[PDB]
Amino acid sequence: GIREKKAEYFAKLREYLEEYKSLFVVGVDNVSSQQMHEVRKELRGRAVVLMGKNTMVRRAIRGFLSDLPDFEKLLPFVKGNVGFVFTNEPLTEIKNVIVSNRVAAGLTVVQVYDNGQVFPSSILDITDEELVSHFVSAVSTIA
Amino acid sequence: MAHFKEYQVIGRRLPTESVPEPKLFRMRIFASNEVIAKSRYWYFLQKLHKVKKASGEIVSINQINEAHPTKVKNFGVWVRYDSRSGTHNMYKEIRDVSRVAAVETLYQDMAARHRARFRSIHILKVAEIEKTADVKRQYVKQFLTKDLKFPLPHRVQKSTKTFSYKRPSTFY
Amino acid sequence: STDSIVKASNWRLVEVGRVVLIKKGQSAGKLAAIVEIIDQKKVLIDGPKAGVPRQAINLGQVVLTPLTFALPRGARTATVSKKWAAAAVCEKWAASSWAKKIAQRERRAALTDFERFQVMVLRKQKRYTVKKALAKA
Amino acid sequence: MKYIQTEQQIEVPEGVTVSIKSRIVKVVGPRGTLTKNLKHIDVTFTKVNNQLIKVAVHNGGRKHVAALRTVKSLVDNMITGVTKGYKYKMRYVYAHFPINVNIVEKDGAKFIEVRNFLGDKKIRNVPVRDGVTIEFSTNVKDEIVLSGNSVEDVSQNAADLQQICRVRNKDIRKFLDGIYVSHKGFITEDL
Amino acid sequence: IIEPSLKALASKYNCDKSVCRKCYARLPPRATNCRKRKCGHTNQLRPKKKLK
RNA sequence: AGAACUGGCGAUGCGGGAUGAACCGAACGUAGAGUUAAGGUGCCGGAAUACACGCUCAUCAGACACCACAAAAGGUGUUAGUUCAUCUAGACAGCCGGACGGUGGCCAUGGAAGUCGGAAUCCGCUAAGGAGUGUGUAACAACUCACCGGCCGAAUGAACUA
RNA sequence: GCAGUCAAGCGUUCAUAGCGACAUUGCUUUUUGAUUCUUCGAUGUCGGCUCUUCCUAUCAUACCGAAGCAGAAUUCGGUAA
Ligand SMILES: [Zn+2]
Numbered sequence: 003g004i005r006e007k008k009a010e011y012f013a014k015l016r017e018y019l020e021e022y023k024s025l026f027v028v029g030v031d032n033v034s035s036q037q038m039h040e041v042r043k044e045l046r047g048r049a050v051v052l053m054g055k056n057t058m059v060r061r062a063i064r065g066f067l068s069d070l071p072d073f074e075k076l077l078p079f080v081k082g083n084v085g086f087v088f089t090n091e092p093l094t095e096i097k098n099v100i101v102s103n104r105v106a107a184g185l186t187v188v189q190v191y192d193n194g195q196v197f198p199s200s201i202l203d204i205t206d207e208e209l210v211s212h213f214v215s216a217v218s219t220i221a
Numbered sequence: 001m002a003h004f005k006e007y008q009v010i011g012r013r014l015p016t017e018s019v020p021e022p023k024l025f026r027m028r029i030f031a032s033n034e035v036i037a038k039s040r041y042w043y044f045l046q047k048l049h050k051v052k053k054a055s056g057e058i059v060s061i062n063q064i065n066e067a068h069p070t071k072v073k074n075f076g077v078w079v080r081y082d083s084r085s086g087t088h089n090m091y092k093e094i095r096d097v098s099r100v101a102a103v104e105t106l107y108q109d110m111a112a113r114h115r116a117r118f119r120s121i122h123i124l125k126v127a128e129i130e131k132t133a134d135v136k137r138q139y140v141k142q143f144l145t146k147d148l149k150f151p152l153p154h155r156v157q158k159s160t161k162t163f164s165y166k167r168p169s170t171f172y
Numbered sequence: 002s003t004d005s006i007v008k009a010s011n012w013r014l015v016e017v018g019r020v021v022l023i024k025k026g027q028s029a030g031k032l033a034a035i036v037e038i039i040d041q042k043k044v045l046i047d048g049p050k051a052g053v054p055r056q057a058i059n060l061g062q063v064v065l066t067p068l069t070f071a072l073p074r075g076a077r078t079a080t081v082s083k084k085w086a087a088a089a090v091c092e093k094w095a096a097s098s099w100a101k102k103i104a105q106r107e108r109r110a111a112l113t114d115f116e117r118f119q120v121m122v123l124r125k126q127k128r129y130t131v132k133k134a135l136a137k138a
Numbered sequence: 001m002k003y004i005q006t007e008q009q010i011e012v013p014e015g016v017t018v019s020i021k022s023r024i025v026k027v028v029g030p031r032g033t034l035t036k037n038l039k040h041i042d043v044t045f046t047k048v049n050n051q052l053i054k055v056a057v058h059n060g061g062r063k064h065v066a067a068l069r070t071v072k073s074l075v076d077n078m079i080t081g082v083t084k085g086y087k088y089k090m091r092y093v094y095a096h097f098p099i100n101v102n103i104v105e106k107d108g109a110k111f112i113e114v115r116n117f118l119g120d121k122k123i124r125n126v127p128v129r130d131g132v133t134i135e136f137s138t139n140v141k142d143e144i145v146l147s148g149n150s151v152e153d154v155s156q157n158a159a160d161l162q163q164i165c166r167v168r169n170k171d172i173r174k175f176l177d178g179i180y181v182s183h184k185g186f187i188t189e190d191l
Numbered sequence: 077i078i079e080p081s082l083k084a085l086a087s088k089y090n091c092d093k094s095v096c097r098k099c100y101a102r103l104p105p106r107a108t109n110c111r112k113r114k115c116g117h118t119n120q121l122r123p124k125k126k127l128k
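Residue numbers (the entry's author numbering), protein chains in the order written: chain q, 3 to 107, 184 to 221; chain S, 1 to 172; chain M, 2 to 138; chain H, 1 to 191; chain m, 77 to 128.
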């Protein structure tokens, strides 16, 4: 029962780990039972959010290092109050769904995982101008 | 029952034309001399096989010396014993340098705490405990912590003479 | 005053590397090192240099000294020697009053009757020059 | 089983200085200074910094170890008493004869004096302990308030005042008259 | 007479107690054992009885 | 009070059991030297205030066969042990976060919205959150707890034995 | 003769305020028996009077804890001879 219910968790954790390609680790310090409910709705389109006990998660992920191994780099960010938000929709939109909406006095992004990688979500939030000015200043470096 | 040595005792039933070459049985016995050890061998064998020493013989008796008589080990000790009102199994742990050293404190401890004299105890198993923290018992775990140190407060020196011309101190 | 003052008893600790002076037995007189703690009453010691045999000993037949040197716990006799030497333990001991008084007391005890006589005569000489001093300032 | 070491911790707050020598503890803060003899317990103190002092028992059995926390506490309440201070409040409770309570003195002494208890012609006196100071609330009927640096002395002086009104030969569930401790806390830091 | 809250106050002292059944000690109301050595620290306790 | 076998006392001192017919040791010419028995070795008193591991604190401790009595039954005193269960998939404790939507759920009534009370006890979203453990309001608010989490890191709960 | 343990029952309700069956562990030596060790070439019976001392299983008196203690009166219990 108690062994059962834990095992159940690992099950659904694994399932999103295979199904969705990208991953949001969200900090939820404070944050109401109500707030979360409304990020569910706000993302009922694509994203699924999945919360759990850290020691459950570290353990479960580690046992998944045989198949699906880059999740070994997820580990250094499951600490404090955290949860996952899996998605196949793209990047920023979803992040902005998370960060922005149902903020009050919110919940935060702490690191992102996509295709065996590790942003900070500072990266993603990029001005298209550092991308602009680094193909510019180097066509100027060629000129 | 004293300063203990540990012996291999190996014995067997006497040969019959019907069964020459009867099976050999060994016990490890803790005792102080070999007369006790063979006694002890028979006491146990009689409780485990039909044999009295009148139908058997002791084939070999050999002292088993501790292999690493200065490595400190933590031993698991298993014991069966009689109380004034029944009989009990009991697991204890002992930290020491040799089985023979451990067993002797087992006997003092059974005497101190449970008032069990030697006739009343059987040693069931004695075993070095391989991995620290398979150690189960607080009063031995305490010693296993890293960079363990302690003082010995309040030192009393024994005096050689009856009078002393200074008031002593306990300072260590 | 205005700092919190707390004088704390500075006990010699039973610890790996603590050096002890053996009170009793055949190794009576010699230094050995605690290698591993056995319990509140017993320890493994080892005095390769003084030639005291690595053995489990009861703390009551030993006396803790203030000296201690770096020694990994469990260290076998060979590496106890290397370390004891590296540390210059005998050097430190010899320099102590404690070791000096033992030596003094040892030397007195070996004095011949003739020697006892000379110490008398010399003492009487020193005395003399002392009493005239202790009389001038 | 004998615990090879076992220790507790004493936070020293800003502004206070605790100094201990052969178990005689002197604690000094903004409110004043208290001392206490701890010689009757073998414990050893150790100052880590001026914020923090430790107390250990070495190689001690149960009952010894029980002494450890209690030393910590006593020393804690010395520190609290000399920073926040102690305040115990009491209430007179009487069904009929109002309990009439004043301060009186003899040889510059100071007593809490209690009159008319259950209609008694006798007068009750309780010496006011040194260090403890008595007030009477302005806006709670029948209140009485003892305060000072020493919980020990405040609390005992309150106990003395209530024990002196016990009611003898009457069912004490029906006859509930008395002076009872009604609140206890700090001088400084709200109420 | 006597406000409800002071009757309550008085009762923490006078009546919210338990009683040793061997030796009669007035004991703390949530106690498990008698504090007294004469009754063997018995754990045979009962509540002090409430008025009418 | 009365039988069985043996050994004793009686008929027998001696050494020990303080004392003592019968127990323990040992049986007896006059003595010297040595060694022991049973029993002892803080002091009375000849002989270690010897060595070693524990256990015990008694406002009625305890202290040696025969022997100079103590039981049922109890103890959250302290010791060591047993069994069952919880816990590295993170328990227990401590501090700290969350404790939500249908929804003021139907009765009933001056008003009763989780908390006078009758009868029910469902769902959603959950990592979790009772149609509600209490505090509180006139009734809502506010607080609280059950429940889930953060941190910490190896123990925890119960019943028993002697 | 005196005191416990268990707790079915009594006690409007409620085992244990006060009690307490069936059973069961004890204590005492002012009951009475059982025994026949001492004394039958002697140890002067019963009761009272007088007088001293001791025990405590406490009737009164001191201070307490319980209650089916409102008050008064009682009853249970402690330290107490
Ligand atoms: Zn009691």
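All C-beta atoms in this analysis are idealised placements derived from N, C-alpha and C, irrespective of residue type, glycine included.
Asked: Heavy atom of ligand 1 within 7 angstroms of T118(m) beta-carbon; Found: yes
Asked: Among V99(q), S199(q) and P92(q), nearest to residue 182(q) - alpha-carbon criterion; Found: Note on chain q: numbering goes from 107 to 184 directly, and residue 182(q) within that interval has no coordinates.
Asked: 8 angstroms Cβ cutoff, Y88(H) in contact with chain m; Found: no
Asked: Exposed unless 16 or more other CB atoms sit within 10 angstroms - verdict on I24(H); Found: exposed
Asked: Cβ pair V28(q), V84(q) closer than 8 angstroms; Found: yes
Asked: Test: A57(M) CB closer than 8 angstroms to a CB of chain S; Found: yes
Asked: Check: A107(m) C-beta below 7 angstroms from any heavy atom of ligand 1; Found: no
Asked: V17(M) versus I35(M) - alpha carbon distance; Found: 5 angstroms
Asked: Any beta strand (DSSP E) of 3 or more consecutive residues that is wholly inside the segment 51-124 of chain M; Found: 53-59 and 63-69
Asked: The segment 83-99 of chain m: positions lying closer than 8 angstroms to chain H by Cβ; Found: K83, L85, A86, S87, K88, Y89, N90 and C91
Asked: Secondary structure of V128(H), DSSP reduced to three states; Found: coil
Asked: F88(q), buried or exposed, once every other Cβ within 10 Å from all chains shown has been counted against 16; Found: buried
Asked: Closest by C-alpha distance to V140(S), when choosing among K158(S), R13(S), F163(S) and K92(S); Found: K92(S)
Asked: Span of the beta strand (DSSP E), counted from its first residue to its last, around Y3(H); Found: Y3 to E11
Asked: Three-state secondary structure assigned by DSSP to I96(q); Found: helix
Asked: Contact set for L152(S): own chain, Cβ-Cβ below 8 angstroms, skip 5 residues either direction; Found: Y172
Asked: Collapsed DSSP secondary structure at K88(m) in the structure displayed; Found: helix
Asked: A66(H) Cβ short of 7 angstroms to ligand 3 heavy atom set; Found: Absent from the structure shown: ligand 3. Ligands present: ligand 1.
Asked: Any non-hydrogen atom of ligand 1 closer than 7 angstroms to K98(m) Cβ; Found: yes
Asked: Short-range partners of chain S found in the segment 24-41 of chain M, where Cβ spacing is below 7 angstroms; Found: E37, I38, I39 and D40
Asked: Near ligand 1: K36(H) beta-carbon under 7 angstroms from a heavy atom; Found: no
Asked: Short Cβ contact (8 angstroms threshold) for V126(S) with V72(S); Found: no
Asked: Residues, ordered as in the chain, of the segment 132-147 of chain S that lie near chain H by beta-carbon distance below 7 angstroms; Found: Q138, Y139 and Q142
Asked: Interface positions of the segment 35-54 of chain H facing chain S (Cβ-Cβ less than 9 angstroms), listed along the chain; Found: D42 and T44
Asked: Residue-level contact to chain m via CB, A158(H), 8 angstroms cutoff; Found: no
Asked: Run of the beta strand (DSSP E) containing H49(S), from where it starts to where it stops; Found: Looking at the DSSP string, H49(S) is not in any beta strand (DSSP E), and its letter there is neither H nor E.
Asked: Segment contact flag, the segment 62-82 of chain M with the segment 92-101 of chain M, C-beta cutoff 8 angstroms, min 3 pairs; Found: yes
Asked: is_contact[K149(S), chain M] using C-beta, thresh 8 angstroms; Found: yes
Asked: Closer than 7 angstroms: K112(m) CB and nearest ligand 1 heavy atom; Found: yes
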